[PDB]
Number of protein chains: 2
Amino acid sequence: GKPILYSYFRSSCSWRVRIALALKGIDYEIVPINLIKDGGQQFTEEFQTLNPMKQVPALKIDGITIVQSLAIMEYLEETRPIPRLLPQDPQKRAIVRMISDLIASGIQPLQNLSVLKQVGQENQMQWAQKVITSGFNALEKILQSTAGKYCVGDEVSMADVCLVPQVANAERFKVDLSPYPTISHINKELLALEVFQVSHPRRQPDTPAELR
Amino acid sequence: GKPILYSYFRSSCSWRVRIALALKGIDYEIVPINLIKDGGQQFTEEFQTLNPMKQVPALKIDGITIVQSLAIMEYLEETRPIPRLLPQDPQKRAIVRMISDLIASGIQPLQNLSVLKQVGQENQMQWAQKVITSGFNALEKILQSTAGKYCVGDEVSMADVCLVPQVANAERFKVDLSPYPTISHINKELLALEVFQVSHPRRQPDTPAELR
Ligand SMILES: N[C@@H](CCC(=O)N[C@@H](CS)C(=O)NCC(=O)O)C(=O)O
Ligand SMILES: N[C@@H](CCC(=O)N[C@@H](CS)C(=O)NCC(=O)O)C(=O)O
């Protein structure tokens, strides 16, 4: 059977994996998990047995179940090598992983749904904006040394796969991107590639009709 | 020159790297970065040029500067292969990375100093406890399927290197570990190994005298 991705249309972490799967040419099926309706499907007993962390994505592939988007992408990289998400040179690989982790560990978790719920309605917007602006202040500086056409040199990497979904989140939270011209430029360049379009939140099984 | 690690004695993420460096037998120097005194040395202009994200660890090695503890550890794994932080089988590698990311992306960032400062004095303790108990609820369930002597089978891996420092944080935040017998058992087993002792917060250049 085809690999099965458990995804939510609006989920940044899910988008990451959908981009990687498109990049690697892997035909997969999606099982949508609605993260918001009736408290969220991620809390169901069935989904909790799939991922005790109660998050998407989860990928069933090659007879196993993998959670954590970067762990998934590293698995895909090791088993379906081309196109490469990571370059061959260990020093350049470290830079790609550094940027991916800055986003995936340093920004996204602090603006995740469950965290925003704990912050509360009155402060969640400002909180999300602060986390993202702080992260992008740093990332924009780093990209001055690392970026070519893309985040790390001239080939698409895992850092780019993390960048686009986090920038879309920045737009959703009404963050001013004008002080981040390099993030902005690279984001536009990546969005011109088919693998970032076919995988897009507005083209998902579970995209609400009003957003298609 | 020897590799230079920028570290804080109490930093969980720094401990990770110190364990990996000990594991790989790499002789290194530490430059302490005091994260608390006078607002924190991580905000100095000099440290900001080292790491715009204003966090430890940072490692200078082989003529480059790497930030992000998991990116550092993956670099060390690729360049100094034994003892292995990741197993040879891509499916087992995915499990090690999943657990490492659960901790490093799913728990630690939400109990980091800068986040606790934004939560505020009145709520930070309860916040940290909630994040850690939620993460450990999930992790303890996952380890039921994955763990042998250690988090993933019978060889120490990157998941173990992430586990111990996060458990020490759990102790510092007064989290009840009694419902986590597998995390507790594995933690005790790893703490019996020299590489987790030589690297310990209480044996650092910058350990306050009262804690030595
Ligand atoms: N570090 C993770 C985080 C996964 C995650 O936070 N997923 C979000 C969607 S982007 C989620 O399922 N949140 C559910 C919730 O907050 O209740 C990974 O990269 O897979
Ligand atoms: N994802 C990171 C996080 C690094 C991090 O949060 N470091 C903490 C120490 S454990 C820090 O320097 N915090 C400084 C602050 O919060 O101002 C990594 O694994 O290196």
# chains A, B, ... in the order shown; residues from 1 in each chain; ligands from 1
$ interface_residues --of "chain B" --to "chain A" --cutoff "6 Å" --atoms "only C-alpha atoms" --output "ChimeraX atom specification"
/B:52-53,68,71,75,94,97-98,105,138
$ select_by_dssp --residues "chain B" --states "strand (DSSP E)" --output "VMD selection string"
chain B and resid 4 to 7 29 to 32 58 to 61 64 to 67
$ select_by_dssp --residues "range 1-199 of chain B" --states "helix (DSSP H, G or I)" --output "PyMOL selection string"
chain B and resi 12-23+37-39+41-43+45-50+69-79+90-106+108-111+113-119+124-146+158-172+181-191+194-197
$ atom_distance --atom1 "CA of residue 123 in chain B" --atom2 "CA of residue 210 in chain B"
27.4 Å
$ residues_around --residues "residue 207 in chain B" --least-positions-apart "5" --cutoff "12 Å" --atoms "only C-alpha atoms" --output "PyMOL selection string"
chain B and resi 7-11+32-34+199-202+212
$ decode --residues "range 31-136 of chain A" --atoms "C-alpha atoms" --output "PDB file, in the first residue's frame"
ATOM      1  CA  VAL A  31      -5.786  11.020   6.237  1.00  0.00           C
ATOM      2  CA  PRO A  32      -6.927  14.466   7.408  1.00  0.00           C
ATOM      3  CA  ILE A  33      -6.817  15.234  11.136  1.00  0.00           C
ATOM      4  CA  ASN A  34      -8.853  18.313  12.026  1.00  0.00           C
ATOM      5  CA  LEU A  35      -6.857  20.119  14.732  1.00  0.00           C
ATOM      6  CA  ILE A  36      -9.531  22.637  15.710  1.00  0.00           C
ATOM      7  CA  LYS A  37     -13.038  21.208  15.325  1.00  0.00           C
ATOM      8  CA  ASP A  38     -14.671  19.988  18.555  1.00  0.00           C
ATOM      9  CA  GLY A  39     -11.397  20.392  20.441  1.00  0.00           C
ATOM     10  CA  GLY A  40      -9.321  18.614  17.803  1.00  0.00           C
ATOM     11  CA  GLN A  41      -9.212  15.119  16.376  1.00  0.00           C
ATOM     12  CA  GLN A  42      -5.594  14.777  17.571  1.00  0.00           C
ATOM     13  CA  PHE A  43      -7.011  14.071  21.045  1.00  0.00           C
ATOM     14  CA  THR A  44      -9.059  11.024  19.978  1.00  0.00           C
ATOM     15  CA  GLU A  45      -8.064   7.700  21.476  1.00  0.00           C
ATOM     16  CA  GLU A  46      -7.328   6.363  18.008  1.00  0.00           C
ATOM     17  CA  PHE A  47      -5.009   9.201  17.051  1.00  0.00           C
ATOM     18  CA  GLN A  48      -3.310   9.071  20.490  1.00  0.00           C
ATOM     19  CA  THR A  49      -2.311   5.430  19.778  1.00  0.00           C
ATOM     20  CA  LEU A  50      -0.813   6.622  16.469  1.00  0.00           C
ATOM     21  CA  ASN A  51       1.037   9.533  18.101  1.00  0.00           C
ATOM     22  CA  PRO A  52       0.958   9.900  21.911  1.00  0.00           C
ATOM     23  CA  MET A  53       2.221  13.456  21.434  1.00  0.00           C
ATOM     24  CA  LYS A  54      -1.169  14.343  19.844  1.00  0.00           C
ATOM     25  CA  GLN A  55       0.366  16.202  16.886  1.00  0.00           C
ATOM     26  CA  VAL A  56       0.565  15.965  13.103  1.00  0.00           C
ATOM     27  CA  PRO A  57       2.284  14.896  10.980  1.00  0.00           C
ATOM     28  CA  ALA A  58       2.556  11.162  11.267  1.00  0.00           C
ATOM     29  CA  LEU A  59       3.663   9.043   8.322  1.00  0.00           C
ATOM     30  CA  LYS A  60       3.070   5.316   7.797  1.00  0.00           C
ATOM     31  CA  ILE A  61       5.723   4.137   5.345  1.00  0.00           C
ATOM     32  CA  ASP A  62       7.642   0.915   4.747  1.00  0.00           C
ATOM     33  CA  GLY A  63       5.702  -0.868   7.510  1.00  0.00           C
ATOM     34  CA  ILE A  64       6.475   1.621  10.288  1.00  0.00           C
ATOM     35  CA  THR A  65       4.897   4.747  11.751  1.00  0.00           C
ATOM     36  CA  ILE A  66       7.105   7.804  12.071  1.00  0.00           C
ATOM     37  CA  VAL A  67       6.268  11.007  13.912  1.00  0.00           C
ATOM     38  CA  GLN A  68       8.204  14.319  14.065  1.00  0.00           C
ATOM     39  CA  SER A  69       8.439  16.088  10.729  1.00  0.00           C
ATOM     40  CA  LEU A  70      12.253  16.354  10.733  1.00  0.00           C
ATOM     41  CA  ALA A  71      12.647  12.713  11.685  1.00  0.00           C
ATOM     42  CA  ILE A  72      10.287  11.826   8.819  1.00  0.00           C
ATOM     43  CA  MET A  73      12.220  13.990   6.373  1.00  0.00           C
ATOM     44  CA  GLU A  74      15.577  12.493   7.439  1.00  0.00           C
ATOM     45  CA  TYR A  75      14.077   9.005   6.885  1.00  0.00           C
ATOM     46  CA  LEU A  76      12.862  10.004   3.436  1.00  0.00           C
ATOM     47  CA  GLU A  77      16.322  11.443   2.719  1.00  0.00           C
ATOM     48  CA  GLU A  78      18.090   8.243   3.712  1.00  0.00           C
ATOM     49  CA  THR A  79      15.745   5.910   1.809  1.00  0.00           C
ATOM     50  CA  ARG A  80      14.858   7.966  -1.306  1.00  0.00           C
ATOM     51  CA  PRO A  81      18.030   9.947  -1.878  1.00  0.00           C
ATOM     52  CA  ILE A  82      17.255  12.274  -4.813  1.00  0.00           C
ATOM     53  CA  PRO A  83      16.522  15.131  -4.949  1.00  0.00           C
ATOM     54  CA  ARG A  84      18.722  15.716  -1.888  1.00  0.00           C
ATOM     55  CA  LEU A  85      17.243  17.510   1.126  1.00  0.00           C
ATOM     56  CA  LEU A  86      20.780  17.597   2.594  1.00  0.00           C
ATOM     57  CA  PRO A  87      24.041  18.258   0.713  1.00  0.00           C
ATOM     58  CA  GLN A  88      27.004  15.873   0.672  1.00  0.00           C
ATOM     59  CA  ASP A  89      29.491  18.031   2.615  1.00  0.00           C
ATOM     60  CA  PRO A  90      29.054  17.512   6.410  1.00  0.00           C
ATOM     61  CA  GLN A  91      29.781  21.191   7.045  1.00  0.00           C
ATOM     62  CA  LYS A  92      27.041  22.336   4.710  1.00  0.00           C
ATOM     63  CA  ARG A  93      24.751  19.641   6.100  1.00  0.00           C
ATOM     64  CA  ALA A  94      25.248  21.202   9.547  1.00  0.00           C
ATOM     65  CA  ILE A  95      24.142  24.586   8.258  1.00  0.00           C
ATOM     66  CA  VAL A  96      21.005  23.110   6.677  1.00  0.00           C
ATOM     67  CA  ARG A  97      20.183  21.286   9.873  1.00  0.00           C
ATOM     68  CA  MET A  98      20.923  24.405  11.988  1.00  0.00           C
ATOM     69  CA  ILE A  99      18.418  26.493  10.049  1.00  0.00           C
ATOM     70  CA  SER A 100      15.841  23.697  10.006  1.00  0.00           C
ATOM     71  CA  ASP A 101      16.144  23.359  13.806  1.00  0.00           C
ATOM     72  CA  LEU A 102      16.038  27.142  14.353  1.00  0.00           C
ATOM     73  CA  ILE A 103      12.598  27.023  12.701  1.00  0.00           C
ATOM     74  CA  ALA A 104      11.369  23.650  13.891  1.00  0.00           C
ATOM     75  CA  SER A 105      12.644  23.849  17.487  1.00  0.00           C
ATOM     76  CA  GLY A 106      13.146  27.584  17.979  1.00  0.00           C
ATOM     77  CA  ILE A 107      10.011  29.133  16.398  1.00  0.00           C
ATOM     78  CA  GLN A 108       7.211  26.695  15.549  1.00  0.00           C
ATOM     79  CA  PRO A 109       6.752  25.030  18.953  1.00  0.00           C
ATOM     80  CA  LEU A 110       6.233  28.412  20.638  1.00  0.00           C
ATOM     81  CA  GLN A 111       3.403  29.345  18.197  1.00  0.00           C
ATOM     82  CA  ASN A 112       1.773  25.910  18.122  1.00  0.00           C
ATOM     83  CA  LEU A 113      -1.993  25.636  18.748  1.00  0.00           C
ATOM     84  CA  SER A 114      -1.717  23.946  22.136  1.00  0.00           C
ATOM     85  CA  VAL A 115       0.751  26.595  23.344  1.00  0.00           C
ATOM     86  CA  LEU A 116      -1.401  29.481  22.082  1.00  0.00           C
ATOM     87  CA  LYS A 117      -4.350  27.885  23.959  1.00  0.00           C
ATOM     88  CA  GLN A 118      -2.328  27.959  27.190  1.00  0.00           C
ATOM     89  CA  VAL A 119      -1.360  31.620  26.583  1.00  0.00           C
ATOM     90  CA  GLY A 120      -5.058  32.474  26.236  1.00  0.00           C
ATOM     91  CA  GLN A 121      -7.206  34.420  23.793  1.00  0.00           C
ATOM     92  CA  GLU A 122      -6.165  37.892  25.037  1.00  0.00           C
ATOM     93  CA  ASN A 123      -2.439  37.437  24.532  1.00  0.00           C
ATOM     94  CA  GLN A 124      -1.964  34.658  21.923  1.00  0.00           C
ATOM     95  CA  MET A 125      -1.680  36.892  18.870  1.00  0.00           C
ATOM     96  CA  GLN A 126       1.006  39.136  20.368  1.00  0.00           C
ATOM     97  CA  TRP A 127       2.797  36.070  21.724  1.00  0.00           C
ATOM     98  CA  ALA A 128       2.910  34.415  18.309  1.00  0.00           C
ATOM     99  CA  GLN A 129       4.116  37.633  16.694  1.00  0.00           C
ATOM    100  CA  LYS A 130       6.898  38.025  19.262  1.00  0.00           C
ATOM    101  CA  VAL A 131       8.155  34.445  18.798  1.00  0.00           C
ATOM    102  CA  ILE A 132       8.140  34.717  15.050  1.00  0.00           C
ATOM    103  CA  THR A 133       9.728  38.180  14.873  1.00  0.00           C
ATOM    104  CA  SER A 134      12.449  37.098  17.325  1.00  0.00           C
ATOM    105  CA  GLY A 135      13.193  33.978  15.282  1.00  0.00           C
ATOM    106  CA  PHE A 136      13.105  35.798  11.948  1.00  0.00           C
TER     107      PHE A 136
END
